[PDB]
């Protein structure tokens, strides 16, 4: 992209997006999920580019040139993200995550505190403990014989029977160059994160300093899913959700306008005390 930079972060060389917009805070920090890069945010960046400083960190072995790296998890993602934020001299940021980027967002909210990271937005992140089908997929991702088969079953779930041109391009073209190294790592970390933390909702409830977090999602579409978000929202003043009605698990791609108004609303709220 026009905005794609690269820096040394401890051992590893990481690419990141930085639009270097010279404007009022907070910074908008878009956090990739596993085994994809800033390319998932190219439509979202367009919505935000003019009115905000937009930062997109790419994880170790993630970017236009995927490469094998030493095993790491979401704690390393936080430190990696914070190291890029120190080098860019960014203080106050609004983290916005996609899917299992959420583990990075919540740990980041903890480690940075409510002053630097006063709110967060989590997009299409499975709020409940893995269901058998998702549990099955992590299995396949972790198996060096069937990891690719694992990715294809997930692609089926994320597209939800839609011929959605932009999302299909993301999955089959922009994730094509990611291998078992990444997809195997993704299965290991996400499985461990649900195992260790219970769920995203347990992790968020467990924060030392609870904060405005909004879950914005299109999937899953079933009533039972909306109710756990609704019940959690009832129990926690700080939690809200928005069902975006988009066709796929990638609203950043297929309803970027809708993603942006929620991001903008949280950005506005931050700018006003």
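Numbering follows the first chain given and starts at 1.
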Inset, instruction - Check the entry's C-alpha temperature factors for 119 to 127 and 189 to 197, then say which stretch has the higher mean. - result: 189 to 197
Inset, instruction - Decide which of the stretches 241 to 249 and 221 to 229 has the higher mean C-alpha B-factor, going by the entry. - result: 221 to 229
Inset, instruction - Name the one of 174, 163, 91, 156 with the greatest CA B-factor according to the PDB entry. - result: 91
Legend entry - Third of the chain's Cα B-factor distribution that residue 70 belongs to, per the entry: highest
Legend entry - Entry-reported Cα temperature factor of residue 108, expressed as the chain third it lands in: middle
Inset, instruction - Would you mind ranking residue 148 by its C-alpha B-factor against the rest of the chain and naming the third, lowest, middle or highest? - result: highest
Inset, instruction - State the tercile, meaning the lowest, middle or highest third, of residue 26 with respect to the CA B-factors recorded for its chain. - result: highest
Legend entry - residue 78 by Cα B-factor - lowest, middle or highest third of the modelled chain: middle
